[PDB]
Amino acid sequence: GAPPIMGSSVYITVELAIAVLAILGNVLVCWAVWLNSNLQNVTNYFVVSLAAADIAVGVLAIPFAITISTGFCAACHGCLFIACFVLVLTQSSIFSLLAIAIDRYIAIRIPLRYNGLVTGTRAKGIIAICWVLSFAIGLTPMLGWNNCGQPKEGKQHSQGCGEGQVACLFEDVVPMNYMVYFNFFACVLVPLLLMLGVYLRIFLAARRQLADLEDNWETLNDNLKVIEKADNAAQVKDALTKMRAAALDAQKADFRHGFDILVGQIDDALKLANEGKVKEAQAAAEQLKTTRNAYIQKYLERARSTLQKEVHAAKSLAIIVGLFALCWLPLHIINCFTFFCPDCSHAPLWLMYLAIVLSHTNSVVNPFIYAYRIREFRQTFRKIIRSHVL
Ligand SMILES: CC(C)CCC[C@@H](C)[C@H]1CC[C@H]2[C@@H]3CC=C4C[C@@H](O)CC[C@]4(C)[C@H]3CC[C@]12C
Ligand SMILES: CC(C)CCC[C@@H](C)[C@H]1CC[C@H]2[C@@H]3CC=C4C[C@@H](O)CC[C@]4(C)[C@H]3CC[C@]12C
Ligand SMILES: CC(C)CCC[C@@H](C)[C@H]1CC[C@H]2[C@@H]3CC=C4C[C@@H](O)CC[C@]4(C)[C@H]3CC[C@]12C
Ligand SMILES: Nc1nc(NCCc2ccc(O)cc2)nc2nc(-c3ccco3)nn12
Ligand SMILES: CCCCCCCC/C=C\CCCCCCCC(=O)O
Ligand code: NA
């Protein structure tokens with residue numbers, strides 16, 4: 001077999017390349033939020049917490065990963081910290097992603113109550129709690145759920161470690177039942193499915209409110225034609241009363257002026273209809289068309305635009321969650337095979353390190369998603385680049 005130093009030279013070189021890109025891209029994200037006040041909102045404070053975790057992958061997790069690949073001799077609990085620190089960062093990322101999804105769900109479901117419920121001070125408290133919990137979850141093996149008590153004696157002496165020390169290799173010290181049941185199923189898979197559900201509910205909420213808007217508009221147009229071809233006064237009254245309710249639920253969901261005019265003109269044409277005079281009620285109802293073409297349509301178009309922007313923004317953030325799953329699932333699935341099929345040959349070492357490298361590349365991608373999908377980030381990236389390096 002080829003000397004190990006050659007394959008490991010490739011692995012280390014790729015890891016360092018990834019580390020550099022992870023640091024630089026995510027520093028740019030934090031720099032962007034710091035300088036641009038329009039990026040300083042609660043949503044982007046979770047983005048920054050996420051960027052901080054990805055910087056930490058480059059500065060600490062990748063160096064740790066290089067170290068533990070050598071199988072060096074170490075006190076088992078020190079090795080455990082080297083092996084598990086990345087799990088703290090991945091857990092922090094999951095909490096940040098989950099918080100962003102819930103944030104966007106609150107924004108679209110109760111926007112009038114959003115800024116009252118979701119504040120920067122409460123968000124900062126949530127970020128601190130999530131980091132603390134990330135340390136507890138990621139370092140649980142250090143509390144005793146580990147195989148430090150059953151060291152591999154052959155590797156210990158073949159590597160020449162003193163006693164009290166282990167050959168520091170991930171799968172020798174971190175139990176597979178922890179990685180599969182606790183880390184993967186409970187701490188990764190369940191939150192991922194939760195976020196899938198929240199984003200589904202976001203798109204459904206946006207679709208329902210768009211439909212409601214269109215319904216109210218066609219209800220105001222349909223009943224206009226009804227009034228224009230009516231003949232009994234009860235006819236005109238029935239239609240006008242269905243326009244008033246439609247006009248009010250649209251009011252809830254200088255346009256306060258446009259609707260005052262609309263409601264007033266409906267009330268006018270309504271009191272005429274109650275008095276029997278229909279032709280003058282129809283005449284009064286036909287001026288609604290200019291209030292509609294002058295105010296209501298304009299507001300219904302920008303309400304449509306706002307929802308479309310929220311949906312497009314929700315899609316961009318959902319892409320972040322999908323790429324997280326794509327980059328981390330292979331390693332988890334491999335662990336499932338190692339754990340659940342003792343009759344299977346272990347995944348080959350080159351595939352293990354490909355899966356590790358892939359998980360680390362996730363710390364590089366998010367800055368690119370922001371620049372391509374989010375105008376405010378893209379433009380802030382441009383200004384920073386063209387001004388502070390050229
Ligand atoms: C930059 C600062 C904030 C963080 C860096 C701290 C890192 C380098 C420190 C903190 C704890 C340290 C570990 C503590 C215990 C051991 C066991 C020993 O047998 C080998 C070294 C080893 C594995 C240390 C490696 C270095 C280590 C991981
Ligand atoms: C998108 C998410 C929900 C997909 C997660 C599905 C994972 C848990 C599934 C997909 C393929 C499955 C593996 C397929 C084959 C085997 C071999 C069998 O001898 C042990 C179970 C084992 C190892 C399965 C474990 C569970 C597994 C890894
Ligand atoms: C891109 C993501 C979503 C899907 C990738 C699925 C990958 C991780 C799956 C597809 C085929 C799987 C391999 C199929 C066969 C074996 C041989 C067995 O003795 C060890 C596990 C091992 C080596 C599996 C490891 C996991 C594996 C490589
Ligand atoms: N199984 C596993 N192994 C490693 N590194 C050890 C790779 C290895 C595996 C077997 C072997 O004989 C020599 C080396 N890192 C790992 N990281 C993870 C992981 C992180 C998050 C989810 O899974 N799993 N995982
Ligand atoms: C400024 C950020 C500092 C970055 C710190 C990262 C440095 C790499 C950390 C771990 C390498 C040290 C572990 C090597 C122990 C080998 C001891 C031995 O010979 O057994
Ligand atoms: Na991350």
Side-chain angles (χ1 to χ4, degrees), residues 8 12 15-16 18-30 46-101 127 130-131 134-135 137-139 141-142 146 148 151 155-162 164-170 172-174 183 187-188 191-192 195 317 319-329 331-332 356-370:
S8 98
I12 293 172
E15 291 277 54
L16 297 178
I18 290 161
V20 166
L21 297 174
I23 294 161
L24 286 172
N26 282 289
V27 161
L28 196 60
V29 169
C30 300
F46 296 104
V47 166
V48 166
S49 178
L50 181 44
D54 283 335
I55 293 164
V57 169
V59 170
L60 292 171
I62 281 170
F64 288 177
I66 294 165
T67 300
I68 201 165
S69 72
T70 74
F72 74 114
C73 300
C76 191
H77 289 75
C79 177
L80 271 177
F81 181 84
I82 293 305
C84 291
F85 184 73
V86 68
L87 306 185
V88 173
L89 304 180
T90 305
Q91 204 62 46
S92 182
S93 304
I94 279 156
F95 289 145
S96 291
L97 292 171
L98 174 62
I100 289 167
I127 293 172
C130 289
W131 275 99
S134 295
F135 271 88
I137 284 172
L139 302 177
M142 297 189 86
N146 62 63
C148 289
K155 306 193 195 176
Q156 184 193 141
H157 293 127
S158 78
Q159 298 287 286
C161 316
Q165 300 186 130
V166 293
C168 183
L169 295 171
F170 187 95
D172 290 350
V173 300
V174 182
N183 190 263
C187 296
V188 173
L192 285 177
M195 292 185 301
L317 300 168
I319 291 168
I320 302 292
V321 177
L323 292 179
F324 182 92
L326 219 69
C327 288
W328 282 100
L329 275 176
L331 207 42
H332 288 291
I356 290 168
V357 160
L358 181 72
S359 78
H360 296 167
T361 73
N362 185 67
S363 297
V364 177
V365 299
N366 292 347
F368 285 87
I369 304 306
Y370 303 141

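Heavy atoms only: backbone and side chains are in, while hydrogens, waters and symmetry mates are out. In listed order, ligands and their atoms are each counted from 1. If you read the sequence from its start, that first residue is 1, and numbering goes on from there.
Taking a distance limit of 4.0 Å, we find that atom 11 (C) of ligand 5 is approached by some protein heavy atom. Checking atom 15 (C) of ligand 5 against the protein gives a heavy-atom contact under 4.0 Å. Inside a 4.0 Å radius of atom 28 (C) of ligand 1 there is at least one protein heavy atom. The protein reaches atom 20 (O) of ligand 5 closely, with a heavy atom under 4.0 angstrom from it.
Checking only distances, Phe81 never comes within under 3.5 Å of ligand 1, N or O to N or O.
Scanning all protein heavy atoms for the shortest distance to atom 5 (C) of ligand 5 gives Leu60 CD2, 4.1 Å. At the shortest separation from atom 1 (C) of ligand 1 among protein heavy atoms lies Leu60 CD2, 4.5 Å. Looking from atom 13 (C) of ligand 5 to the surrounding protein, the closest heavy atom is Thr67 CG2, 3.9 Å. From the protein, the heavy atom lying nearest to atom 14 (C) of ligand 1 is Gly78 CA, 4.4 Å.
The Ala74 neighbourhood of ligand 1 comprises atoms 19 (O), 20 (C), with distances under 4.0 Å to a heavy atom of that residue. Annotation for ligand 5: atoms under 4.0 Å from non-hydrogen atoms of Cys73 are 20 (O).
Among the atoms of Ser93, an N, O or S atom is found under 3.0 Å from the Na ion (ligand 6).
Using modelled atom types, no side-chain atom of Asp54 and backbone atom of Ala22 make a donor-acceptor pair closer than 3.5 Å.
Here the two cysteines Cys168 and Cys79 have their SG atoms closer than 2.5 angstrom.
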